[PDB]
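# Structural characterization, general
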Amino acid sequence: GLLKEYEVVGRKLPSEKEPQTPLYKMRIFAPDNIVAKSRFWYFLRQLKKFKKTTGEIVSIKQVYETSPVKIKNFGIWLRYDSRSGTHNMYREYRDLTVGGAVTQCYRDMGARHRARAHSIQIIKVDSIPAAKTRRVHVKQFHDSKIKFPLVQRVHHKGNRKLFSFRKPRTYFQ
Amino acid sequence: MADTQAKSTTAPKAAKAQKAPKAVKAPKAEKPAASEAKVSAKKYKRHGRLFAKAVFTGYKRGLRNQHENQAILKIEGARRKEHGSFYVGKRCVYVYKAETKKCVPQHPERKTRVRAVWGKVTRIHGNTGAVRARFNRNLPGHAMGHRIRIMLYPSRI
Amino acid sequence: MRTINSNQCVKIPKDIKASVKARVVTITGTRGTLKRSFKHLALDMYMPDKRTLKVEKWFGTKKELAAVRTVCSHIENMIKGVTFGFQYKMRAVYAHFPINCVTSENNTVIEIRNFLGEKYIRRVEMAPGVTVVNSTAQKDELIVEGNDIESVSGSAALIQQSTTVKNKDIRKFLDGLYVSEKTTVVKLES
Amino acid sequence: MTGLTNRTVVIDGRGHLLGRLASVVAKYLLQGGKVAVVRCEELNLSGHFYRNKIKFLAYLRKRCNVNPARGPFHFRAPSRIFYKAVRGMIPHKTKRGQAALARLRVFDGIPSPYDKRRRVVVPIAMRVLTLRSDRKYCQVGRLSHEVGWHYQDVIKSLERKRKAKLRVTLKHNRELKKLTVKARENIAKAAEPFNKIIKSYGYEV
Amino acid sequence: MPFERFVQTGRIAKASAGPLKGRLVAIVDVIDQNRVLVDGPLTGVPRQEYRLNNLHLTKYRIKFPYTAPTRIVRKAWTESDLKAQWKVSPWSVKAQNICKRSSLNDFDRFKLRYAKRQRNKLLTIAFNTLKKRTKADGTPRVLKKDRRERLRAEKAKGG
RNA sequence: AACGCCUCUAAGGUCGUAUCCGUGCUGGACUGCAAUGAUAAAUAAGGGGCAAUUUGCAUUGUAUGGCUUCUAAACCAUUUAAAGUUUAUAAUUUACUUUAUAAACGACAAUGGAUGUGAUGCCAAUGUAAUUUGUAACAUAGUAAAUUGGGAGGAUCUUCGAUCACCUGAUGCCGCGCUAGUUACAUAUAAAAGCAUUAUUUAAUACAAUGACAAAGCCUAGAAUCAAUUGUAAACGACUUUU
RNA sequence: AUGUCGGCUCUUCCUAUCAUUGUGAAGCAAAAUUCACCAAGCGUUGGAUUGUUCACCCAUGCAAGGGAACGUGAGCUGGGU
RNA sequence: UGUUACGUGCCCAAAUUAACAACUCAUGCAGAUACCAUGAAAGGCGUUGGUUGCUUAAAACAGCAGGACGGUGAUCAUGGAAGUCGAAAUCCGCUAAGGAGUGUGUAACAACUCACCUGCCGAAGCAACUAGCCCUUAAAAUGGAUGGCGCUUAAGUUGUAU
RNA sequence: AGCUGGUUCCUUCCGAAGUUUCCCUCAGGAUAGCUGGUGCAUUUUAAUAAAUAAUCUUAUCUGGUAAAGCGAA
RNA sequence: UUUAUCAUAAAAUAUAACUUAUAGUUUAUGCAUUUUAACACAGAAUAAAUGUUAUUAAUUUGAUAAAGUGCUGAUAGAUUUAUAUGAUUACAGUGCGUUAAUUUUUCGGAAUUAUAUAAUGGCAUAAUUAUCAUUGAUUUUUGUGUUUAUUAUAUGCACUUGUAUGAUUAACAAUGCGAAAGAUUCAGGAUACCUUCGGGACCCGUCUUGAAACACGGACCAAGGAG
């Protein structure tokens, strides 16, 4: 569930008589180098036949988030499978990570729709520049002059005393 | 940051006293330039020193396999796996009350109305600083929520 | 959605001072003294040192958001109750057999006799500081009046609920004391 | 009193959730911490007044038909409702569990010597901390009176009487506490046996 | 709004969870509800985003240019003399005290307790005539009133 | 309010069943518990009782190497998640209650053990101990030992409700203790053989309870049940009556 | 070798509520009944015939709802089988 | 003696996790691990996230105010219908806009309604779909069963980390 | 008596089948299969492979199910 | 990505003349002051605020792989009949008698450098052979030259409580005690059985697919009693 992004390429077997089968690639969200290949064939199958082990892997390579301190809005376009009911989504996530966005995605999808990690298909990734954010929740973050109340707290339990005689003390002023 | 951890980790060993290396600060705090390298923990409860106030409140069990040859011992001051790891090695004693004597001269002469069962502490049971203990006898389990007693002999430096 | 800020403003008149310790707001006007507890919701009162007080919501979904406007309107009802007063009016519809409403000062209960010539006397508990006045030049109108809006119209509702017309057509036996008007006692002009 | 640590922990049942408190207490009894729980009418259980009322009414439906006096004791009191919650969490069918129940004392409306005693908070049990905002909750003493607890009226008078003795002791305690701090502060600087130990401690007391 | 604590730009936060732990930090930018971009260059924590569940927010609010990279944060922090206010901060001195409540190699512990009994005598020994209660007394004397004037003045006396 | 609005509903709030649950009615926790009475045995005897006692001595727990403990004063009164703990000035109160101004621990890190919060301990002990320290000075802060009478108050399963306080007045005089600081003088324990000292792992002592041999120091002199008997009672015990 | 059916006797519950309580519907005007709800707390019977549950009739009462433990033969009866 | 499958509030060995993000608040089997000890068809402006199409700054969307007629009872069904039990049908005119008419219904006329365009509202909102949990549906019989206590920012449900 | 009931010490090691066929057979046998025991002959599958047995793969055959078809019989 | 720095867009976050309001207060329904998560990218300007191109920093940051590089704690085990009829052998330390030089301690000593032989890597050169494509690399094999490092051989004999010798537990030490018969003291034990604690244990025989069964025999015990 560990969200690492991987470039996988796969040609379809190698004959000397028979030249240079075409080279397809994908970006794959996987914790796993193996899951990177696993999803890669399944999505490759959807356009272009190519069953592993009439299938040639090629190279498995992990790709490098360009800006993990970078403060960006991503739109992901998503397909999920419901019980009687496969449908399409666009949702927008504000994350450090394209990796972090997807990880927050599988959790969010899982929750609301009952969203199966196996029942979810990714679709597409783009970084949203600039007011193309339909995103009512998202566009709240873009707002000049972003000060926001800290609402509530979170009470470590109890203490370094199991026995807290100094009463928490919901106050905080 | 793997390098930075390595540099940061030289510093507490330096302070200990010695082998004489690295300084690369660490706080013990005024410090001229450090709130840097962190406020303890902590995770407590007490005794400590003849005897950690200790509880025999269990045996090491399977769901319904009693397996008493090792016991679970909760050391009061040990919340954490780190703290209970201090106690890994220590000798334990359970001193308890008898109506009837038994034992005459070899060392002292105990009027054996006071009986002692002697044990050692072993490895760290708990996510929450309970520890395993082996005893030479083994503790009868009539000792449950009875206070058992852990002397800080054997302490390594 | 968990919208982080939604604010409402309640405009306070010059004659009235409203002093909030906690969520209990004690308002002192010209007609007197209204205390109501907003203590169940947990909402915020800010005086932007005006007479106007702003009541706000932070980090509360949709249900919480909707309840901020109940209080703004509720405090507006206290402000309107201490200058203007609240007044509710009730008709007493009988096709022949007169709904006879007796009592008053105030210390009323509300004794309903000869509805629908049923010997049964129903007596409907008078709620505290609501007063009832029988209306002059308006034939059998009972007016239920009090500073606190909830108490008054709830007192007016209880006398509606019993006369309930049992076992016989409510559409043809129009028979009942039904609330006709939701109104204010005093203000504006004249 | 004499314990592994304190043989009497007087616990304030105020703003504790009933099962959260019961479970942590059950552990403490097994550990040998011998606890007394006071103000179980001030004990809260989550889920609306009404929702709790119907849950609790479901057990009295349970009744041993042949001789119902063999049959389930539907314990009215909030102290006894707390007691049932703890007892179920303990293996009370064993003789070990009998010892553990004897370690436990449960009182509604804090009497005898427990009132000049400090009611300790268990912070896991705390309703205000654990329970989410805007969630309606029931108070156990309200629930108790519905299922037939006679003594709701009785305890409320006994609690008021207790609070009044507890008010006068507080008032004198606060007065005394002023006069103790001045009597340290005024002798402190005036030689050095208070300057030596306080400022060599220098922590933050 | 009385003012509860704002997740604001520059409201500061002393982040408990981290390799940062106990370092004082300032909120650069408000990310998402869960996170804030935080930079504390004078406490020497490098720039990172971190979760608002890892950090709990301070009283201290300094007019901050919100969106500042490390250099301008470091320039704005020593202009605020923020570190110096944070040493005055008596609850941070109390936070530096638990780094000292640690050990105080047991030698120093019985300093306290030997000498606490110096003060513990002197309390009971200062005690017992205001107004409040009553308060009193006209003894029964020659030692007892000369023990009360043995606070006060302290000549001639007993007995 | 959502849905500028509007609406029994989302939040909050009112009435409302032959229901339900109490009141009530019925068994009465076999011994779950309270209150109160007499508290024996009679003298050639002694017996019990206050025994919480007090002594030789014994038993047992505590602390177990003084003590390497411990604590029935004690962080409110709450709606409660902007909910909130307080101080002070100006008012206000029976109520950390109520009002305005200024701040403040702005559910941070803090805090949660101890402020041991009537500032405990493990102190007293100026050699702190399986001995106790004893004895001299200086100056500062400054300590107190005893008895009796009277007037009012308190008690929710609680270790003595024919008990324990508080206050006020009176009596005198054992001067019994003195402590902390600094400083003088002297010494037993301590040298526990052991170089591997933990191993069979203590007890002088301290505190709390219990004991009782012969003896000692105070107080007081029941009834139950069976027989016989009633009928209000009943198969028999038992119930209710009796001399 | 797990004592058929009914009827006599006796039990407790369940509703999918006919009556009664409190209620919402009605092409309910009144009267009356029908529908639906919370509800089994409380009723739901006396006979002719049948061995009969079932059935079919008669009479009253506002109303003569329906089911579960093939209930119930060291309880009966032994009538049908 | 060491480590796993299945689990981890406690019962009952074990993190009320020194992690985390949602969803759900359940009055009569809220829910609680494959087999499995049941739950649907069909509904829901409860709540939650999606999809698509709208009105519109020449002021919109809710909500009031205000017109809702005339060529012409145009007309056929006449049992009665001027707009309206029903229908062949159905276009002009006046126009800012008003259907030979969406209904309320007098048996008719008529009086009400909505479209259409306006005064205010001058910036939000409205419709049709998808599917999670919850709720409705979903009622049965000795008292009773996620195995129990109990659990509501879960100890549930989905996903994720030690 | 093909039926029912019972059958008398222990340990060690290996360890089934309810199927085939025929039978007035079908509550049972025989028979084959599964089971053990007894061993025997040789170990390049044996005592100080260029000989296989049987499972993948490969190479070389077969098939009318799933799917598809009905503008194919 | 980020630090440090340059140019451009550009200041869309903040700072910044100034414009406005509520309001405590002040002045006299309105003003002036100031405070206000109440105003306006509001002017020039500033921090390049963000984006883009360039340069970087002990080059970051993430991941993964690798070195007995160095090292600590704890846990359980430790057959040892090693001549019943089978091994005790191997290595290492230390001393012995080749020298020198430099350095450290500065005493005793210790290290490194100065040889021949063999192997190996690294440089250059050449041939083959396979390969990615030929700019250039990689592979297997072989030879040659140069220099350097590393490693092994040329290091025997004596002694040794040195390391292992393939289940290598003992140095070292304390304590009980075998104290004649007599008999103390220590350790150890689900004998019978009692106690105290946890956990587990349903009735055997049998037919049967399955038996604790609301299946059948068996009250209990002795002795006869069946491949």
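Before any of the text, the structure's been laid out above.
Definitions and cut-offs
- Residues numbered from 1 in each chain as written, not as in the entry; some residues may be left out.
- Chains lettered and ligands numbered in written order.
- Part of a larger assembly, values for the part shown.
- Heavy atoms only, no water.
- Helix = DSSP H or I, 4+ residues; strand = E, 2+ residues; numbered from the N terminus.
- Rg over C-alpha atoms; globule rule 2.2 N^0.38 Å.
- Buried < 20%, exposed > 50% of the residue type's maximum accessible area, 1.4 Å probe, protein only.
- Contact = heavy atoms within 4.5 Å.
- Areas by Shrake-Rupley, 256 points an atom, 1.4 Å probe, with all protein chains shown as cover.
- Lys, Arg positive; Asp, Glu negative; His and termini not counted.
- Charge placed at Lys NZ, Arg CZ, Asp CG, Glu CD.
- Near = heavy atom within 4 Å.
- Polar contact = N/O pair within 3.5 Å; in protein donor to acceptor, adjacent residues only side chain to side chain.
- Nonpolar A, V, L, I, M, F, W, Y, C, P; charged D, E, K, R; others polar.
- 1 Å grid on protein atoms, 1.4 Å probe; cavity = no way out; pocket = protein on both sides within 12 Å on 5 of 7 lines; lining within 4 Å.
- Points joined across faces, edges and corners; volume = space filled by probe spheres on them.
- Pairing = 2+ DSSP bridges.
- Axes fitted to C-alpha atoms, helices over the stretch in contact; angles between N-to-C directions.
- Buried area = accessible area lost by both parts, 1.4 Å probe.
- Salt bridge = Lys/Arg side-chain N within 4 Å of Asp/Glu carboxyl O.

This part takes up the overall build of chain C. Along the backbone of chain C there are 2 helices and 13 strands. Taken over the C-alpha trace, chain C has a radius of gyration of 20 Å; the compact-globule value for 190 residues is 16 Å, which it surpasses by more than 25%. Dimensions of chain C along its principal axes, counting C-alpha atoms only, are 60 × 40 × 25 Å. Burial analysis of chain C (190 residues in total) assigns 40% to the buried set. A sequence separation of at least 24 residues applies to 58% of the contacts in chain C between residues at least 6 apart. By element, 51% of the accessible surface of chain C is carried by carbon and sulfur atoms, the whole surface being about 11300 Å². Charge centroids of chain C, computed over 31 positive and 19 negative side chains, lie 4 Å from each other.

So, on to the protein's contact with RNA strand J. Taken together, 56 residues lie around RNA strand J, and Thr-66 of chain A, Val-104 and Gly-141 of chain B together with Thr-67 and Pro-69 of chain E are the ones closest in. When the atoms of RNA strand J within 4 Å of the protein are grouped by moiety, sugar and phosphate amount to 83% of the total. Between a sugar or linking oxygen of RNA strand J and a side-chain N or O atom of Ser-67 of chain A, the distance comes to 3.0 Å. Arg-96 of chain D places a main-chain nitrogen or oxygen 3.2 Å from a phosphate oxygen of RNA strand J. In terms of residues, the surface near RNA strand J owes the most to one element, helix α1 (residues 70-77) of chain E, which gives 4 residues. Class assignment for the residues of the surface near RNA strand J results in 20 nonpolar, 15 polar and 21 charged.

Taken as a whole, the second largest pocket spans an internal volume of roughly 1200 Å³. Along the walls of the second largest pocket sit 36 residues, with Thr-57 of chain B together with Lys-27, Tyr-28, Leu-30 and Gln-31 of chain D positioned nearest its centre. Listed by contribution, the elements that provide at least two residues to the lining of the second largest pocket are β2 (71-75) of chain B together with α1 (18-31) and α4 (95-102) of chain D. Take the lining of the second largest pocket: its biggest share by element is 5 residues, from α1 of chain D. Across the lining of the second largest pocket, the residue classes break down as 16 nonpolar, 9 polar and 11 charged.

As a further point, take the sheet that holds strand β5 (residues 57-61) of chain E. All names here are of chain E. Taken in spatial order, the 5 strands line up as β4-β3-β2-β1-β5 in an open sheet, and their pairing is antiparallel. In this open sheet, the two edge strands, each paired with only one partner strand, are β4 (45-51) and β5. The average undirected angle you get between the axes of adjacent strands in this sheet is 40 degrees. Bridge analysis of strand β1 (residues 11-14) against β5 gives 2 bridges, and the strand direction is antiparallel. Each bridged residue has a counterpart across the sheet, and for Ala-13 the counterpart in β5 is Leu-57.

Before going further, it helps to spend a moment on the interface of chain A and chain E. At the interface, 19 residues of chain A touch 20 residues of chain E. Summed over both partners, the interface of chain A with chain E buries about 1700 Å², with 58% contributed by carbon and sulfur atoms. Where chain A touches chain E, the interface holds 1 salt bridge. A salt bridge links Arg-35 of chain E to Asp-95 of chain A; the shortest N-O distance between them is 3.0 Å. Counting every contact that joins chain A to chain E gives 8 residue pairs in polar contact. Among the secondary structure elements, those contributing two or more residues to the side of chain A that touches chain E are β5 (85-95) and α2 (98-112) of chain A. Taken together, the residues of the side of chain A that touches chain E break down into 10 nonpolar, 2 polar and 7 charged.

Let us now look at the side chain of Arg-91 of chain A. Residues and elements named next belong to chain A. Among the structural elements, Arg-91 can be located in strand β5. A polar contact is formed between the side chain of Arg-91 and the side chain of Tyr-93, at a distance of 3.3 Å. Once residues within four sequence positions are removed from consideration, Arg-91 is found in contact with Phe-74, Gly-75, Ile-76, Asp-108, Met-109, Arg-135 and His-137.

So, about the interface of chain B and chain D. In this assembly, 10 residues from chain B lie in contact with 8 residues from chain D. Together, the buried faces of chain B and chain D total about 800 Å²; carbon and sulfur atoms form 50% of this surface. Three residues, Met-144, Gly-145 and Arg-147 of chain B, lead the burial of chain B against chain D; their summed loss comes to 45% of the area buried on that side. Linking chain B with chain D are 0 salt bridges. Counting across the interface, chain B meets chain D through 3 residue pairs in polar contact. Tallying contributions element by element places strand β1 (residues 53-56) of chain B first for the side of chain B that touches chain D, with 3 residues. Classifying every residue of the side of chain B that touches chain D by side-chain character gives 3 nonpolar, 2 polar and 5 charged.

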